[PDB]
Amino acid sequence: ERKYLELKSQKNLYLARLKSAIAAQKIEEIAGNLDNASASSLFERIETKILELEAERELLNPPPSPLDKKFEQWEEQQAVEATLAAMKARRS
Amino acid sequence: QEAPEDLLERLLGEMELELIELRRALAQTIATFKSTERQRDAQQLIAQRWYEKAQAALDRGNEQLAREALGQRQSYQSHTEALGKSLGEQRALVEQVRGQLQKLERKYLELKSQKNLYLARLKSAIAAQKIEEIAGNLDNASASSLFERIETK
Amino acid sequence: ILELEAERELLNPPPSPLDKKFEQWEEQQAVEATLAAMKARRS
Amino acid sequence: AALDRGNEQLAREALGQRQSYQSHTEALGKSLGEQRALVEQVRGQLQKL
Amino acid sequence: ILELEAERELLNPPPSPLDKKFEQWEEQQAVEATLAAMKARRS
């Protein structure tokens, strides 16, 4: 009788360890499914879909060339300069 | 294949069941641990009571009866030493096990915190590719779509 | 009762024994400071 | 307050305890900064949208 | 439990013992620096 209850006393302890162990391997398995490139999973594998879909947007409508960026930036800086230059000169 | 994003809600939702499932069991361990603690004290008190009887039995010059009582106490004492050893070993596990879960809870919510952020990006991305797809359906001759293809009619 | 009681501990962890010492130590000085000034205030 | 009255041993434990919290402050603060660009950037497309 | 526990190690390798020394060494100086300035700040 004493031996039987002793085994039952320790029975639930391992169940907690195994169930925690079962959860322990599940948590990092799910975290592994959302880890860095070492696993290449959803958290990093779904953002790729954003990029490829984003890349598609570029192909359909090509972005303006960097030359025009300089043109608009250069002219706008002179455009604002011309407006303020005449404005401050207009002040007197 | 099922939508990967829908799983994230299910995985964390399913995981949350595991968390509470894990947490409930942890309570069972401590309660059983506390119970075993009571038995050691209860049996020790019995041994102490046996010692008290030995003191009274030893008094009045009757030593033969005391010897039997002392021998009887040894049987109980064996359990005290044996059970006490078991209690000490379990202390590390009950303390250690809480450590993983304590880190687990913080980690779990952190993943859930960032879960909705990507959903916004993807849903915006889904809309982002839809808007220029519709605009592409109404773009210039580069696509030759309704906005330019209906005027041909 | 114990396992349900154990659950209560897990949900809201009890304060660490360090704070018990902090409150006990400061309170003993806090009461000491109040009574020390009070008895000194008597004269 | 613990450092006061010449009790330095207790202060060391408190300072060590603060480090655990401080780690989260640094860690969480880094995450907040990264998200700032996305929340600002995302509104840009919709504003044009 | 061990083999499943061993799997956890493989998926996410634990930090090397070198960093343990780095954090332990710097933290001991970090707390030392804070308390050294704190006690010096006392006077």
# chains A, B, ... in the order shown; residues from 1 in each chain; ligands from 1
>>> residues_around(residues="residue 23 of chain A", least_positions_apart="6", cutoff="12 Å", atoms="only C-alpha atoms", output="list in words")
residues 15, 16, 17, 29, 30 and 31 of chain A; 14, 15, 16, 17, 18, 19, 20, 21, 22, 23, 25, 97, 100, 101 and 104 of chain B; 1, 4, 5 and 8 of chain E
>>> write_last_selection(atoms="N, CA and C atoms", output="mmCIF file, in the first residue's frame")
data_model
loop_
_atom_site.group_PDB
_atom_site.id
_atom_site.type_symbol
_atom_site.label_atom_id
_atom_site.label_comp_id
_atom_site.auth_asym_id
_atom_site.auth_seq_id
_atom_site.Cartn_x
_atom_site.Cartn_y
_atom_site.Cartn_z
ATOM 1 N N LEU A 15 3.805 13.932 -15.666
ATOM 2 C CA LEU A 15 2.772 14.453 -16.555
ATOM 3 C C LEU A 15 2.913 15.958 -16.727
ATOM 4 N N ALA A 16 3.171 16.673 -15.631
ATOM 5 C CA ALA A 16 3.406 18.108 -15.730
ATOM 6 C C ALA A 16 4.643 18.399 -16.568
ATOM 7 N N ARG A 17 5.719 17.641 -16.347
ATOM 8 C CA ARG A 17 6.938 17.853 -17.117
ATOM 9 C C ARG A 17 6.712 17.543 -18.590
ATOM 10 N N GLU A 29 8.409 25.777 -31.673
ATOM 11 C CA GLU A 29 7.979 25.351 -32.999
ATOM 12 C C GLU A 29 7.130 26.430 -33.657
ATOM 13 N N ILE A 30 6.198 27.013 -32.901
ATOM 14 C CA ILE A 30 5.415 28.132 -33.415
ATOM 15 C C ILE A 30 6.295 29.366 -33.560
ATOM 16 N N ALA A 31 7.129 29.638 -32.554
ATOM 17 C CA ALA A 31 8.087 30.731 -32.675
ATOM 18 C C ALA A 31 9.065 30.463 -33.809
ATOM 19 N N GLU B 14 -4.987 28.495 -30.618
ATOM 20 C CA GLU B 14 -4.729 27.138 -30.147
ATOM 21 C C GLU B 14 -3.629 27.130 -29.096
ATOM 22 N N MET B 15 -2.587 27.940 -29.299
ATOM 23 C CA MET B 15 -1.517 28.020 -28.312
ATOM 24 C C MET B 15 -2.042 28.528 -26.976
ATOM 25 N N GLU B 16 -2.921 29.533 -27.005
ATOM 26 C CA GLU B 16 -3.484 30.054 -25.763
ATOM 27 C C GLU B 16 -4.180 28.957 -24.969
ATOM 28 N N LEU B 17 -4.855 28.033 -25.654
ATOM 29 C CA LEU B 17 -5.422 26.879 -24.967
ATOM 30 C C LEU B 17 -4.331 26.058 -24.295
ATOM 31 N N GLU B 18 -3.207 25.860 -24.986
ATOM 32 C CA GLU B 18 -2.089 25.142 -24.387
ATOM 33 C C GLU B 18 -1.547 25.887 -23.173
ATOM 34 N N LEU B 19 -1.459 27.216 -23.260
ATOM 35 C CA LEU B 19 -0.951 27.998 -22.138
ATOM 36 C C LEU B 19 -1.799 27.778 -20.891
ATOM 37 N N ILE B 20 -3.114 27.959 -21.013
ATOM 38 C CA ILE B 20 -3.993 27.739 -19.868
ATOM 39 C C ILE B 20 -4.025 26.261 -19.503
ATOM 40 N N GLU B 21 -3.969 25.383 -20.506
ATOM 41 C CA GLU B 21 -3.863 23.955 -20.229
ATOM 42 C C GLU B 21 -2.601 23.658 -19.430
ATOM 43 N N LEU B 22 -1.475 24.241 -19.844
ATOM 44 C CA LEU B 22 -0.239 24.085 -19.087
ATOM 45 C C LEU B 22 -0.364 24.703 -17.701
ATOM 46 N N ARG B 23 -0.919 25.914 -17.623
ATOM 47 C CA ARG B 23 -0.971 26.625 -16.349
ATOM 48 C C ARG B 23 -1.813 25.876 -15.326
ATOM 49 N N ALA B 25 -2.330 22.662 -15.000
ATOM 50 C CA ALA B 25 -1.609 21.508 -14.477
ATOM 51 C C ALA B 25 -0.563 21.929 -13.454
ATOM 52 N N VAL B 97 10.596 24.960 -13.609
ATOM 53 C CA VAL B 97 9.519 24.905 -14.593
ATOM 54 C C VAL B 97 8.862 26.271 -14.742
ATOM 55 N N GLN B 100 10.610 28.759 -17.372
ATOM 56 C CA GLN B 100 10.293 28.705 -18.795
ATOM 57 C C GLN B 100 8.958 29.382 -19.082
ATOM 58 N N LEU B 101 7.933 29.065 -18.288
ATOM 59 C CA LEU B 101 6.622 29.665 -18.509
ATOM 60 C C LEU B 101 6.670 31.174 -18.318
ATOM 61 N N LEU B 104 7.954 32.250 -21.223
ATOM 62 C CA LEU B 104 7.002 31.893 -22.269
ATOM 63 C C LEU B 104 5.916 32.954 -22.407
ATOM 64 N N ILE E 1 11.252 13.574 -23.011
ATOM 65 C CA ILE E 1 11.423 14.964 -22.598
ATOM 66 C C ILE E 1 12.795 15.469 -23.028
ATOM 67 N N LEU E 4 13.022 15.672 -26.986
ATOM 68 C CA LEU E 4 12.258 16.857 -27.356
ATOM 69 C C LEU E 4 12.945 18.118 -26.853
ATOM 70 N N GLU E 5 13.471 18.075 -25.627
ATOM 71 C CA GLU E 5 14.258 19.193 -25.122
ATOM 72 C C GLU E 5 15.502 19.407 -25.973
ATOM 73 N N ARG E 8 14.664 21.362 -29.030
ATOM 74 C CA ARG E 8 14.571 22.797 -28.780
ATOM 75 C C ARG E 8 15.934 23.463 -28.907
#
>>> residues_around(residues="residue 12 of chain E", least_positions_apart="6", cutoff="10 Å", atoms="only C-alpha atoms", output="list in words")
residues 28, 29, 31, 32, 35, 38 and 39 of chain A
>>> interface_residues(of="chain B", to="chain D", cutoff="9 Å", atoms="only C-alpha atoms", output="PyMOL selection string")
chain B and resi 117+121+124+128+131
>>> write_last_selection(atoms="C-alpha atoms", output="CSV table (one decimal), in the first residue's frame")
chain,number,residue,atom,x,y,z
B,117,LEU,CA,1.2,44.8,-37.7
B,121,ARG,CA,0.8,45.6,-44.2
B,124,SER,CA,-2.7,47.3,-47.3
B,128,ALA,CA,-2.0,48.3,-52.7
B,131,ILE,CA,-5.6,49.8,-56.5
>>> closest_atom_pairs(of="chain D", to="chain C", cutoff="12 Å", atoms="only C-alpha atoms", output="JSON lines")
{"residue": "D:1", "atom": "CA", "partner": "C:26", "partner_atom": "CA", "distance": 8.9}
{"residue": "D:2", "atom": "CA", "partner": "C:22", "partner_atom": "CA", "distance": 7.9}
{"residue": "D:3", "atom": "CA", "partner": "C:22", "partner_atom": "CA", "distance": 11.6}
{"residue": "D:4", "atom": "CA", "partner": "C:26", "partner_atom": "CA", "distance": 11.1}
{"residue": "D:5", "atom": "CA", "partner": "C:29", "partner_atom": "CA", "distance": 10.5}
{"residue": "D:7", "atom": "CA", "partner": "C:25", "partner_atom": "CA", "distance": 11.3}
{"residue": "D:10", "atom": "CA", "partner": "C:18", "partner_atom": "CA", "distance": 8.9}
{"residue": "D:11", "atom": "CA", "partner": "C:22", "partner_atom": "CA", "distance": 10.7}
{"residue": "D:13", "atom": "CA", "partner": "C:18", "partner_atom": "CA", "distance": 8.9}
{"residue": "D:14", "atom": "CA", "partner": "C:18", "partner_atom": "CA", "distance": 8.9}
{"residue": "D:17", "atom": "CA", "partner": "C:18", "partner_atom": "CA", "distance": 10.5}
>>> residues_around(residues="residue 16 of chain D", least_positions_apart="3", cutoff="12 Å", atoms="only C-alpha atoms", output="ChimeraX atom specification")
/D:9-13,19-23 /E:24,27-32,34-35
>>> write_last_selection(atoms="N, CA, C and O atoms", output="mmCIF file, in the first residue's frame")
data_model
loop_
_atom_site.group_PDB
_atom_site.id
_atom_site.type_symbol
_atom_site.label_atom_id
_atom_site.label_comp_id
_atom_site.auth_asym_id
_atom_site.auth_seq_id
_atom_site.Cartn_x
_atom_site.Cartn_y
_atom_site.Cartn_z
ATOM 1 N N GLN D 9 24.063 46.839 1.186
ATOM 2 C CA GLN D 9 23.836 45.489 0.681
ATOM 3 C C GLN D 9 22.451 45.358 0.064
ATOM 4 O O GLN D 9 22.291 44.753 -1.002
ATOM 5 N N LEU D 10 21.434 45.919 0.720
ATOM 6 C CA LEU D 10 20.084 45.867 0.171
ATOM 7 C C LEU D 10 19.987 46.637 -1.140
ATOM 8 O O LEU D 10 19.255 46.223 -2.047
ATOM 9 N N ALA D 11 20.711 47.752 -1.257
ATOM 10 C CA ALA D 11 20.660 48.542 -2.483
ATOM 11 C C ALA D 11 21.149 47.735 -3.679
ATOM 12 O O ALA D 11 20.576 47.823 -4.772
ATOM 13 N N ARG D 12 22.209 46.946 -3.495
ATOM 14 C CA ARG D 12 22.747 46.157 -4.599
ATOM 15 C C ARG D 12 21.680 45.238 -5.181
ATOM 16 O O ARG D 12 21.542 45.123 -6.404
ATOM 17 N N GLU D 13 20.914 44.571 -4.315
ATOM 18 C CA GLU D 13 19.850 43.697 -4.798
ATOM 19 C C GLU D 13 18.806 44.486 -5.577
ATOM 20 O O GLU D 13 18.339 44.040 -6.632
ATOM 21 N N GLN D 19 17.733 46.086 -13.318
ATOM 22 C CA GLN D 19 18.328 45.764 -14.610
ATOM 23 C C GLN D 19 17.378 44.930 -15.459
ATOM 24 O O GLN D 19 17.265 45.146 -16.672
ATOM 25 N N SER D 20 16.689 43.967 -14.842
ATOM 26 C CA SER D 20 15.737 43.147 -15.584
ATOM 27 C C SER D 20 14.686 44.017 -16.261
ATOM 28 O O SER D 20 14.389 43.847 -17.449
ATOM 29 N N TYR D 21 14.113 44.962 -15.515
ATOM 30 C CA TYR D 21 13.146 45.882 -16.105
ATOM 31 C C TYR D 21 13.800 46.760 -17.164
ATOM 32 O O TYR D 21 13.211 47.011 -18.223
ATOM 33 N N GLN D 22 15.019 47.234 -16.897
ATOM 34 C CA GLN D 22 15.703 48.102 -17.849
ATOM 35 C C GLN D 22 15.910 47.402 -19.185
ATOM 36 O O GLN D 22 15.831 48.034 -20.245
ATOM 37 N N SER D 23 16.179 46.096 -19.156
ATOM 38 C CA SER D 23 16.373 45.358 -20.400
ATOM 39 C C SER D 23 15.151 45.476 -21.300
ATOM 40 O O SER D 23 15.279 45.689 -22.511
ATOM 41 N N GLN E 24 27.757 38.913 -17.818
ATOM 42 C CA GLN E 24 28.077 38.835 -16.398
ATOM 43 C C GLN E 24 29.161 39.840 -16.029
ATOM 44 O O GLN E 24 29.064 40.530 -15.007
ATOM 45 N N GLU E 27 27.699 43.482 -16.570
ATOM 46 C CA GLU E 27 26.658 43.766 -15.588
ATOM 47 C C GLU E 27 27.257 44.035 -14.215
ATOM 48 O O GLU E 27 26.833 44.962 -13.516
ATOM 49 N N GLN E 28 28.248 43.236 -13.811
ATOM 50 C CA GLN E 28 28.908 43.480 -12.534
ATOM 51 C C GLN E 28 29.574 44.847 -12.509
ATOM 52 O O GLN E 28 29.541 45.535 -11.482
ATOM 53 N N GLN E 29 30.186 45.257 -13.622
ATOM 54 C CA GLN E 29 30.713 46.613 -13.708
ATOM 55 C C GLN E 29 29.588 47.625 -13.875
ATOM 56 O O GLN E 29 29.662 48.740 -13.345
ATOM 57 N N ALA E 30 28.536 47.255 -14.610
ATOM 58 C CA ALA E 30 27.407 48.161 -14.796
ATOM 59 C C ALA E 30 26.757 48.500 -13.462
ATOM 60 O O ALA E 30 26.515 49.673 -13.154
ATOM 61 N N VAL E 31 26.468 47.480 -12.650
ATOM 62 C CA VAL E 31 25.933 47.734 -11.317
ATOM 63 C C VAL E 31 26.970 48.456 -10.468
ATOM 64 O O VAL E 31 26.643 49.375 -9.707
ATOM 65 N N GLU E 32 28.239 48.058 -10.591
ATOM 66 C CA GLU E 32 29.300 48.728 -9.850
ATOM 67 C C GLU E 32 29.380 50.200 -10.233
ATOM 68 O O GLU E 32 29.506 51.075 -9.370
ATOM 69 N N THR E 34 26.964 52.074 -11.487
ATOM 70 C CA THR E 34 25.779 52.769 -10.997
ATOM 71 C C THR E 34 25.869 53.015 -9.496
ATOM 72 O O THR E 34 25.631 54.133 -9.025
ATOM 73 N N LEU E 35 26.215 51.980 -8.726
ATOM 74 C CA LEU E 35 26.316 52.151 -7.281
ATOM 75 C C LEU E 35 27.518 53.006 -6.903
ATOM 76 O O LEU E 35 27.448 53.773 -5.936
#
>>> closest_residue(among="B:29, B:36, B:142, B:1", to="chain C", atoms="only C-alpha atoms")
B:29
>>> residues_around(residues="residue 40 of chain B", least_positions_apart="5", cutoff="8 Å", atoms="only C-alpha atoms", output="PDB file with N, CA and C atoms, in the first residue's frame")
ATOM      1  N   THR B  80      10.556   9.789   7.329  1.00  0.00           N
ATOM      2  CA  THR B  80      10.907  11.204   7.402  1.00  0.00           C
ATOM      3  C   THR B  80      12.149  11.497   6.570  1.00  0.00           C
ATOM      4  N   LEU B  83      11.161  10.567   2.708  1.00  0.00           N
ATOM      5  CA  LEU B  83      10.283  11.552   2.085  1.00  0.00           C
ATOM      6  C   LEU B  83      10.962  12.913   1.989  1.00  0.00           C
ATOM      7  N   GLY B  84      11.724  13.293   3.016  1.00  0.00           N
ATOM      8  CA  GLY B  84      12.418  14.570   2.973  1.00  0.00           C
ATOM      9  C   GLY B  84      13.347  14.687   1.780  1.00  0.00           C
TER      10      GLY B  84
END
>>> atom_distance(atom1="atom CA of residue 43 of chain E", atom2="atom CA of residue 20 of chain C")
28.9 Å
>>> interface_residues(of="chain A", to="chain B", cutoff="10 Å", atoms="only C-alpha atoms", output="PyMOL selection string")
chain A and resi 6+9-10+12-17+19-24+26-28+30-31+33-34+42-43+45-47+49-51+53-58+60-61
